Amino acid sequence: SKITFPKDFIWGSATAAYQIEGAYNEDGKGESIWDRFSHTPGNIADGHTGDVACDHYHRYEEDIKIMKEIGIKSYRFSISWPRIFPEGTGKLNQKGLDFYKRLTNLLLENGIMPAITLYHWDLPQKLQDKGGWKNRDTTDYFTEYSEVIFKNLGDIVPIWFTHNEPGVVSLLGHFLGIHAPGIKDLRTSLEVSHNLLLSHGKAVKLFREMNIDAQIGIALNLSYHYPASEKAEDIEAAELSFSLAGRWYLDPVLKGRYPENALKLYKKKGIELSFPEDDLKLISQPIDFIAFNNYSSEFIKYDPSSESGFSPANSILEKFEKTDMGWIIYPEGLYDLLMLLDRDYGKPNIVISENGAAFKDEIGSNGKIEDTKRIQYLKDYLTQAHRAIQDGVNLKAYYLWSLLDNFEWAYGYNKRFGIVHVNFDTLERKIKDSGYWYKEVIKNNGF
């Protein structure tokens, strides 16, 4: 029987610029680090690139029509810094800015609330040539970019996110090197994590200084990390796991410190950090909500052989349903994560900035996409979200990742997360059943 969400609850859908826009070298847009990373064989599945993607730069009018028909209340998208400042600083590319001005106006005219992410991973390559996020100057350039954006859009865009998933940019982009810019250095990765947090602080401070009449936050990748067993060493391994992945970004932002057990670990590996203590005060500027991207959960065991003292519990993992990513399905995970946030960070306002899943989608001979595995996933995860609202969590919005099938970073176009199907040869859009379903969910404020 039917569940119903709070009355003001915001039903949304999300994208990112490099994943959908294409037009990678049009209207003076500067090269980003993802253009550079995508142009190198071996980096992306099948040699895919974001050169064209869903061509949303040209087709946004069609895409807005689709949103209005599904009935989403908020549309989360990101702005491409290299379209605004091709060289990352210097002179302003008005054609790029007009794109977003127009986009935002068309959303508001169709009754859709904009939610903007300022950085979703596309640093201008010119700034990467001078060290990128390892160079503290990038945090000032980011603020200059944010200023232009706040000046033109601030008051008419009710939801802002400084950054998407600084932890991924950090680990995958500067440690593992499987994301742009493909650097492999532990220490570099930690300087980067810090400069990303700094840049967030500076933009929040700027936002208040310009007295923008809207809510700002940050979107972190979060996942509940469960201990493999009740044994003490497993409890500690999971908490260490969560500290390195989640508390490393939550604690600076919401409590003005780094987690101690993670600093311990990195000390053991030869790395101590000297942060101006005034930086942590910048980083913990008050924000109006905390947001996170969640898909799955982790299971973690003590592991002395590992570089980090822990590793995944593959035994346990082998026993759940998996998505097309190889990720476990475990809806209770979202409840536990929501409760953790509520309990450990003083009952903050919470946005789910992303949630979704990827399954092999086929268009049937009937011309439709009957993606019932995705509908089941969404049903299941949303039931757990609802449960957590009941138990007193302040969850205000849910953004379904993704509106459109898109360039999924290192996996290219092989992994579909959309509620709208995209044929990447013809660029035609077909609303999937998950989309039709979501339409009804929104109508009814639940299911």
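Each residue number is its position in the shown sequence, starting from 1.
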Fill in: Stretch exceeding the other in mean C-alpha B-factor - 120-128, 365-373
365-373
Response to the item:
Looking only at C-alpha temperature factors in the entry, 301-309 or 80-88, the higher average sits in 301-309
Item to complete: Using the entry's values, work out which of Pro181, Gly356, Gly270, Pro166 has the largest Cα B factor.
Response: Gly270
Worksheet item: Among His194, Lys202, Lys255, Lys264, where is the Cα temperature factor highest, going by the PDB entry?
Response: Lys264
Worksheet item: When the modelled residues of the chain are sorted by Cα temperature factor, does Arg387 land in the lowest, middle or highest third?
Response: middle
Worksheet item: Hey, what third does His174 fall into on Cα B-factor, ranked over its chain?
Response: lowest
Item to complete: Using the B-factors in the PDB entry, rank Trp327's C-alpha atom against the chain and give the third, lowest, middle or highest.
Response: middle
Worksheet item: Of the three thirds of its chain by CA temperature factor, lowest, middle or highest, which one includes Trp401?
Response: middle
Worksheet item: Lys281's Cα B-factor: lowest, middle or highest third of the chain?
Response: highest
